[PDB]
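A.B. asks: Structure in structure tokens, see below.
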Amino acid sequence: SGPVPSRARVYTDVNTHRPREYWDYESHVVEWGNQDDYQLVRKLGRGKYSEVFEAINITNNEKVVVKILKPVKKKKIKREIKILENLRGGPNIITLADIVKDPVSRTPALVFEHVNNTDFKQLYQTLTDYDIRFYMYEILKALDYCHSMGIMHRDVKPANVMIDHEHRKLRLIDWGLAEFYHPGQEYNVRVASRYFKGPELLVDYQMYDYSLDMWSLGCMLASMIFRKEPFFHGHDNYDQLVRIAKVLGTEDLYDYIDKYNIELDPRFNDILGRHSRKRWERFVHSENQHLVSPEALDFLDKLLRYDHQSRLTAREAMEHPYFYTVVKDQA
Ligand SMILES: O=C1C=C2C[C@]3(O)COc4c(ccc(O)c4O)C3=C2C=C1O
């Protein structure tokens with residue numbers, strides 16, 4: 001009657017064998033920096049939860065980025081802080097440089113290293129085959145690191161991957177949806193941007209894990225080598241799963257549903273319809289072919305799998321021959 005349970009096939013117990021203080025962010029005591037070290041220069045963007053500014057550290061005149069956190073649950077604020085501290089120093093993880101507070105009002109803000117990024121809507125149009133391989137490898141380093149440290153990012157998308165292209169510099173940002181993995185825990189499926197949501201999320205399977213990030217990465221990869229961003233473009237969450245089924249096919253989707261004994265909304269049957277699995281080669285045209293290779297398609301095919309347990313891990317992905325030239329020239 002109920003859905004079959006699942007656990008991560010790698011890094012399953014990394015929080016289990018770490019001390020309580022590592023993952024119990026509720027108990028963490030924050031060490032506050034000095035708010036008056038930073039001057040805001042211009043608003044960079046705003047979410048539902050935060051507003052983000054370019055700023056200057058006036059003690060050394062370095063650029064930073066300041067994210068002022070709206071009146072939300074302190075628990076959510078502490079989770080992001082603990083995660084950023086836990087991951088600090090990891091490869092291509094955005095550095096949390098400081099945590100400050102208006103000393104009179106309650107209002108906390110996170111201070112990050114500045115990345116002089118090129119906007120992905122502009123950058124992706126200009127990347128070469130080698131650039132994509134290089135940057136995908138760099139994202140994989142970050143994901144393997146944070147997974148190995150017991151953390152799911154849960155919001156992997158181009159806007160959260162900052163690239164200073166002239167310095168070949170990449171940082172994975174926005175850890176505000178990130179969460180500690182504990183085996184058997186049922187997580188909120190309302191995470192990730194619509195276009196990067198895994199099948200587990202769209203069918204309301206809550207016992208997911210690190211492999212969610214690997215789907216999102218697969219979605220990014222597709223959008224880059226095929227020059228179609230985003231690759232799966234649904235108008236809502238139901239339609240998002242339909243866009244996926246039109247490429248991956250409905251037969252493998254129903255096998256997935258069957259294996260985990262997942263109960264699908266009645267709605268879904270009529271709209272999912274019946275679709276053959278398409279060959280990846282179908283999305284190759286004159287304009288994107290210089291970015292596509294047999295290795296790329298084989299790699300992509302091993303990321304975009306319905307069954308979260310069958311997707312490559314970050315370490316397996318880094319071993320794929322798609323990256324041979326990158327690994328070779330990084331040793
Ligand atoms: O949790 C977050 C959230 C953001 C949002 C945002 O502030 C947007 O834009 C940024 C940036 C960081 C550096 C940077 O150079 C930049 O332009 C961002 C973050 C880093 C994080 O860890």
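Our numbering is plain: 1 for the first residue shown, then up by one each step along the chain.
Recorded method is X-ray crystallography, 2.1 Å.
From the backbone N, Cα and C atoms, a Cβ is placed for every residue, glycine too.
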A.B. asks: Quick check: of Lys67, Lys73, which does Swiss-Prot put in the same ATP site as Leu44, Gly45, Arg46, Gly47, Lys48, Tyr49, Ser50, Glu51, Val52?
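C.D. replies: Candidate in the recorded ATP site: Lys67.
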A.B. asks: Among 35-40, 89-94, 179-184, 281-286, indicate the range for which Swiss-Prot gives the feature region 'Interaction with beta subunit'.
C.D. replies: 35-40
A.B. asks: Out of the recorded positions I have (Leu44, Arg46, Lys48, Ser50, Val52, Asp155), which ones have their Cβ sitting under 6 Å from ligand 1?
C.D. replies: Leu44, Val52
A.B. asks: Among the binding-site residues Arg46, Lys48, which residue has the fewest other Cβ atoms within 10 Å of its own Cβ?
C.D. replies: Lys48
A.B. asks: Within 10 angstroms of the C-beta of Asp155 (active site, proton acceptor), what count of other C-beta atoms is obtained when all protein chains are considered?
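C.D. replies: Counting Cβ neighbours of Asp155 (active site, proton acceptor) within 10 Å gives 21.
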A.B. asks: Please count the residues of the region 'Interaction with beta subunit' (35-40) that DSSP assigns to helix (H, G, I), strand (E, B) and coil.
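C.D. replies: The region 'Interaction with beta subunit' (35-40) comes out at 3 helix, 3 strand, 0 coil.
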A.B. asks: Would you identify which of the binding-site residues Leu44, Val52 has the most other C-beta atoms lying within 10 angstroms of its C-beta?
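C.D. replies: Its Cβ has the most other Cβ atoms within 10 Å: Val52.
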